[PDB]
Structures are given as C-alpha cells and as structure tokens.
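Only one chain is given next, in structure tokens, and it is the form deposited in one PDB entry.
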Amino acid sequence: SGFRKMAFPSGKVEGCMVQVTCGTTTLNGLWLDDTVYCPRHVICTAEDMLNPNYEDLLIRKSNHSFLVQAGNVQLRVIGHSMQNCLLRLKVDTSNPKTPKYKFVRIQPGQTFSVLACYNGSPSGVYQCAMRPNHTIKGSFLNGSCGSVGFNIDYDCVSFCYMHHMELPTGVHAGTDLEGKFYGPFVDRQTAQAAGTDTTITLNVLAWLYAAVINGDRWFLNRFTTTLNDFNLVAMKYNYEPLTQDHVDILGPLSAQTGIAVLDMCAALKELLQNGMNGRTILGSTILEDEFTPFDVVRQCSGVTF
C-alpha cells in the first residue's frame, strides 16, 4: 500500500552523463555510443546571449574548442555538428555503459524522471510532468543545463528531455533529444513567458482511481454526468476538457475498480464545486495532476482493497 511520486531508477542514465566545456562555459552532456549531446548555447558568451547567431558562432570553433570529461577521463572530440538546439560532438571513445535507448518526444500531460546534474555529476532524481503549457516545474540551478529527462521500459531508456532554461515564473523549458524545444520557446535571453497553464484532467481522474484501488471511496457519489456537462464545469475551474479518447484510456482502471469513468467524473465535479472539506486523498489536501493512468497502473496493486 501507499502512493508516492516515484522516479525511475537512474543507474542506466548516470553512466551517460559527462561534462562539456567551451571557453568559460561548462554544462552537462549525454554520452551515448560515440556521440555527446549538449545544449548548443554552451558556445555562447555573456555578451552574445541576447541574440546569438549559432551558425556564425559554431563555424568559428574547432574540435579542440570543446573539452569533454567523463569522470576523470578526457574524451577527445573528432567531429561536431549542430542539430536544432543541440550540438552533437563525435568523440574518440564509445561509451561502454551505453544502455539500450531511444529518443522520444513526449506529449503534454505525460511524466518523466529528471536526473539533475552539475559538472557532469548526478546530484538527484525526481519525477516531473510536461505541463499543458510545455514547461516543467523542476528544481534546476546554474550549471544544470544538459540534465536529461527519461522513462524506462524493461531495459530500454527513452530519453525525452534535455534542460536549457528557466523562465521568469521559476518554471523550466528545454528540448527533446533531437534539439527541438517543447513549446514556443527559443534559446536566447529575449523576453519570453510561459502561456497560461491548465490542470491535467486525465491525470486527476487516474489519481482518483489510485485512491480507490488503495482502499479509499469517500469522495464517490450516486450521480453521473455527460461529457459535455462535465466539460462546462472543467472550463470554469481551468481543467482540460475531457475527450472520448481520455475516457477510453481510463477503461482498465475503471474495470479494476468497477467505477464508470463518467461516475468518477461526477465525483470530480463534486470535489471541484464543494472542495475537500478538510479531508485528504492519498495523503493530499488538493487534487493531484502529475500522475498518468500508466503511472497509477505501474505503482498500484493489481487488486483493489
């Protein structure tokens, strides 16, 4: 029993983190096979951060402009290229600890684990959700750029995020491992702001199912609702509209608990209109939206209590 925000074990990723230095700028890189991936802004200086021309900045560099360190070992770069907002540095040694892996672009609402790193050295691991506004609410300080996000399936690491920047609201933005940003953001220090965010409805419902699987039913009720009537209430409380696809995704959790999706929607509508009345759900006094249906199935018992 119990329910916690849980990260994936980070071992397979720790063995891929390295340090990349260019001039006076140091940040993290990801070392897979004979390639090191890192944010392209490693080549920037303080003066040119407002409006850098990366093509022009990169053509001026050589292979020896980049210092790559794995632990105490120097890796000589033998080639380099730019891919969107990343640099790909070819190195002379293939990482012996390269796990089975792939690169995935995750969708808003989905979750992943972040390995926060400084100077190529891992400091911590935590779970994050990609917000509807394409930011994440992380914990990142100076030097954290190049830290990666990932999920694990069997022995395959799906990398989905590399960290680049912090916005004025304290939230974080970055790219997939092909260097394409999540959201409309750009890697320059021109004024940018996160769009307005929304609560991830599908995840709140998943988490309500988790609470029932763990033995708690207090928030259920005898009512039901239509999709449309639910969505009127969702719009009022800044929740994402629920779609039939979302209803279908909740099928397995619905089957395991015997609670119809639209009945759980009625329960959520009631929680939104009346509040929680000083009660808790899975230890929380608020409605949690950073657990996906898949997170719930992974962590919870296959048998309800």
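Note that residue numbering begins at 1 and tracks the sequence as displayed.
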When mean C-alpha B-factors in the record are compared for 41-49 and 239-247, the larger belongs to 41-49
Which wins on mean Cα temperature factor, 65-73 or 251-259?
65-73
Member of 131, 105, 80, 164 with the greatest C-alpha B factor (per the PDB record):
80
Looking at the C-alpha B-factor values in the deposited entry, which of 153, 197, 176, 187 comes out highest?
153
Lowest, middle or highest third: where is residue 10 by Cα B-factor in its chain?
lowest
Which third of the chain does residue 120 land in by C-alpha B-factor: lowest, middle or highest?
middle
Among the modelled residues of this chain, does the Cα B factor of residue 172 put it in the lowest, middle or highest third?
lowest
Residue 157: C-alpha B-factor third of its chain, per the entry, is the middle
Just say lowest, middle or highest third for the CA B-factor of residue 282 relative to the other modelled residues in its chain.
middle
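Beyond what is shown, the protein has a form deposited in another entry; the following relates to that form.
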Motion between the shown form and the other one between rigid parts - which of 198, 40, 269, 91 is the hinge:
198
Looking in that other deposited form, are the Cα atoms of residue 282 and residue 153 closer together or farther apart than here, the change being 3 Å or more?
farther
Residue 153 and residue 213: do their C-alpha atoms lie closer or farther in that other deposited form than in the form you see, with a change of 3 Å or more?
farther
